[PDB]
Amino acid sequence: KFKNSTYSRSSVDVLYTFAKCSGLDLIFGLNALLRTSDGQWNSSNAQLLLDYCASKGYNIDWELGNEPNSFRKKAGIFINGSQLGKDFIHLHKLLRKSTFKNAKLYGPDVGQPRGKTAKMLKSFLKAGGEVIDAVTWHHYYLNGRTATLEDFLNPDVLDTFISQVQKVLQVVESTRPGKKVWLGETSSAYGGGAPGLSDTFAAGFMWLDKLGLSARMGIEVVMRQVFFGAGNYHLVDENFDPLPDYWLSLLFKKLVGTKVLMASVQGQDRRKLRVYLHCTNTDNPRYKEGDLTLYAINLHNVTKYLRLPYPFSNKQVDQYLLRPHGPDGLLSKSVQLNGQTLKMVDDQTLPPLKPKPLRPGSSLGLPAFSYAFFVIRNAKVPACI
């Protein structure tokens, strides 16, 4: 179904400039389906691009191929994992010979294993794992053509991610123990997202839960498909307006730190009240070393009241509660933070994301079908200091 297209230096330049001027680090995927007559990756085209980028002084990290597990169906050619590893070794040598200051190499961007093992991943890591700086794999919960609101709210659907992570991590630990593992392309639903669902408040349960579980299970980086683009799972639409998942992501960025802790409910766990705990992001000027960020999902149809364990029971807590805005309910494309609709102030100005301080000692009220961040101030957790 796919045919080839070309891209220009100007396209590379604009992509690099977009990343650099936004404070983002570009990773560029190279075409793995340029093959020699003896079955090897033909690096000729990539060499031209690498030379161009080096001449411009661009700091770019690289990948080679996307979802090689489906090359037989998409392109009529089978490349086994051992061969793909050999191709990555070749690319590594080209990066080493370049003038790039220590460019990184990620791969192999395999699709999720589903009901099978991750066979191609295993053979790839045996052959080429020494040259990659992190292992990338992809994940979607559902087919966008058939997904329903019920699915987006279903804890059983959310829980399917656990088994997928477990299978991938098992393969990595069996071949390259300790190598970092990244979700290199991931979202709610494949096929461009679920129309009327992947761009709504209801998409946030899958997104926040995936972040929580990824952090808890040992995934180091999660790459959301997509920031901007045609698919319904975009964070920003092609009018350049942010959808609810953008605001969720911005709050996550500002509040959630790098040290992953653990929270769990006491007693029966029906899997609808889901809780995650990190140290608070120290870059946030509101907060201080030792503070904790709890984030929580309530998929029950009634409000649940969370009680924190001692010594956090009577600390000052800042609430960041997200609820949909307007008559579409969970299908809304607008979201409120503590009762205020989130919108840009102007095209160059994000709004303040103000906390709602709660009464010390009060239980944390989490309404039906909502999610929230709670910052526990003066938590003085030594592990966060």
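All residue numbers refer to positions in the sequence shown, first residue = 1.
Exercise. Tell me which of 296-304 and 207-215 has the higher mean C-alpha B-factor in the deposited entry.
Key: Result of the comparison: 296-304.
Quiz item: With respect to the recorded C-alpha B factors, which stretch has the higher mean value, 96-104 or 252-260?
Solution: It is 96-104.
Quiz item: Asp269's Cα B-factor: lowest, middle or highest third of the chain?
Solution: For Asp269, whose C-alpha B-factor we compare with every modelled residue in the chain, the answer is the highest third.
Quiz item: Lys333: which third of its chain by C-alpha temperature factor?
Solution: Middle third.
Quiz item: By its CA B factor, does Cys21 count among the lowest, middle or highest third of the modelled residues in the chain?
Solution: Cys21: CA B-factor falls in the highest third of its chain.
Quiz prompt | Assigned third (lowest, middle, highest) for the C-alpha B factor of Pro285 | solution = Its C-alpha B-factor belongs to the highest third of this chain's values.
Quiz item: Among the chain's modelled residues, which third holds the C-alpha B-factor of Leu322?
Solution: Within its chain, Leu322 is a middle-third residue by C-alpha B-factor, going by the deposited values.
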